[PDB]
């Protein structure tokens, strides 16, 4: 897992994200949808958004971006003991939204990229290493919960 020092790096960086959740969330979704168009197909909600420029202008996309990062923040703040937060998310994402684990890898990469872009000093090698481990743990535990369902 992660050391307390590593968790501390993660949560300090996350505090910077919390300053502008909608801005960060919108950019994560844009990178996801543009980088991997197959992911946009899982969202009937955003079916009319056909370009990066349209995505950037959509208040609704920004709103959902905020929802995603708020939920992720809740999980991160529980450090290594996050089963209660992961369970319902695994349930909805497996059974209703039908989200493969690969797509969780894609959104993890998008998150890292956005953090690099918005926080070039603060999000250095050590912070990036720790955040990568934290997102890997999230993915592994989502995947494990998928199997229990």
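Positions refer to the first chain, counted from 1.
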**Item:** Mean C-alpha temperature factor, higher of 83 to 91 and 109 to 117
**Value:** 83 to 91
**Asked** Got a sec? Mean C-alpha B-factor, which is higher, 1 to 9 or 139 to 147?
**Response** 1 to 9
**Message:** Highest recorded C-alpha temperature factor, please, choosing from 104, 40, 28, 68.
**Reply:** 40
**Request:** Select lowest, middle or highest to describe the third in which the CA B-factor of residue 17 falls within its chain in this entry.
**Result:** highest
**Request:** State the tercile, meaning the lowest, middle or highest third, of residue 123 with respect to the CA B-factors recorded for its chain.
**Result:** middle
**Request:** Classify residue 49 as lowest, middle or highest third according to the C-alpha B-factor given in the PDB entry, relative to its own chain.
**Result:** highest
**Fill in**
The third of the chain into which the C-alpha temperature factor of residue 64 falls is the lowest
